[PDB]
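There is one chain below, alone, in structure tokens, taken in the form deposited in one PDB entry.
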């Protein structure tokens, strides 16, 4: 078997000429020449079978990405594993090789308004399809947006994704949460489990702001500091928006804070297109009920050059498996991963 950087990367014989790319969320990623469709591909090594959390996440991503078919959503081309459960230690996921991701691009490259507009359109186009399947991505951020050499964009990493559940969204104040801090909607820290579509719109809003300046808009250093950043720009919530927070701990915390003024978008972003800032304002609305939805965001004047609802497909069916893998142990999960990957085995 092939070795990379003191690591078994056991993908051959179909996949050869391995080049290390980097480390992703939970393991080694290489490029490799695919001897069947004669292209280089991306391959990530997943070794999840020891920890139940890794298993739940691996299974979610596999079930979701195999069901989804969309130009702005990374596919799975191939899955490599051992022929038996007993021999299966790692899973290799084979995906289109992309030039970069938005996180690497923002650290090195100024974006023209035209590039911002096209990136934003494709994020929303992919997101319309995800949300139409009753799925929440829940971890949208620049490193989960892949780009090829012609700036086509694909959403990746559905490991934290869930079926939408708006009726069970309420929780207490300062409830712990898994998804990436800087892209977390203010309601997460106040009264939300992140079980509604509005959670993803907030993250897209943060990504749009970060494309305008190359810097995260709300770079919190800890759980409650995240809220400090958001309120520093949005200013104090209105009485009406507070009245929607019924939980007393969350309400009273907000009431305890000194009054803060809204920082106008055009001061924060002096070079930005005014229509881009109108859409940003609507995505970064404090109150999740008043926050723009994906389809409304697509219809916004900023995106008029691209908007074409007949060419913005939705999913054939909602995603069935509600998230109910939560109670399943590592061993049933290994079995389910084995089953879900069976189609990529010779015959």
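Numbering follows the first chain given and starts at 1. Under this definition, the rigid core comprises the largest set of C-alpha atoms superposing within 1.5 Å between the forms.
**Q** With reference to the PDB entry, specify whether the mean Cα temperature factor is higher for 87-95 or for 247-255.
**A** Per the PDB entry, the higher value belongs to 87-95.
**Q** Between 313-321 and 294-302, point out the one with the higher average CA B-factor as the PDB entry records it.
**A** In the deposited entry, the stretch with the higher C-alpha B-factor mean is 313-321.
**Q** In terms of CA temperature factor as recorded, identify the highest of 177, 265, 202, 158.
**A** Reading the PDB entry, the winner on C-alpha B-factor is 177.
**Q** Could you place residue 187 in the lowest, middle or highest third of its chain by Cα temperature factor, using the values in the record?
**A** For residue 187, the deposited C-alpha B-factor lands in the lowest third.
**Q** Could you say whether, by C-alpha temperature factor, residue 121 belongs to the lowest, middle or highest third of its chain?
**A** For residue 121, whose C-alpha B-factor we compare with every modelled residue in the chain, the answer is the lowest third.
**Q** Please place residue 168 in the lowest, middle or highest third of its chain according to the CA B-factor in the PDB entry.
**A** Its C-alpha B-factor belongs to the highest third of this chain's values.
**Q** Please say which third, lowest, middle or highest, residue 279 falls into when its CA temperature factor is compared across its chain.
**A** As the PDB entry reports it, the C-alpha B-factor of residue 279 lands in the lowest third of its chain.
**Q** Among the modelled residues of this chain, does the Cα B factor of residue 137 put it in the lowest, middle or highest third?
**A** Lowest third.
There is also a form deposited in another entry; it is not shown, and the following applies to it.
**Q** Of 173, 182, 92, 269, which one has a Cα that moves 2 Å or more between the shown form and the other one once the core is lined up?
**A** Going through each option, the one that shifts is 173.
**Q** Is residue 325 displaced by at least 2 Å at its C-alpha between the shown form and the other one when the rigid core is overlaid?
**A** Moves: yes, 2 Å or greater.
**Q** Would you say residue 195 moves between the shown form and the other one, meaning its CA shifts by 2 Å or more once the core is fitted?
**A** Yes, the C-alpha moves 2 Å or more.
**Q** Determine, after fitting the two forms on their core, whether residue 113 shows a C-alpha shift of 2 Å or more between the shown form and the other one.
**A** It does not reach a 2 Å shift.
**Q** Which way does the C-alpha gap of residue 138 and residue 25 go in that other deposited form, closer or farther, given it changes by 3 angstroms or more?
**A** Distance between the C-alphas of residue 138 and residue 25: longer in that other deposited form, by 3 Å or more.
**Q** Looking in that other deposited form, decide if the C-alpha atoms of residue 173 and residue 231 are closer or farther than in the form shown; they differ by 3 Å or more.
**A** The answer is farther, because the C-alphas of residue 173 and residue 231 separate from each other in that other deposited form by 3 Å or more.
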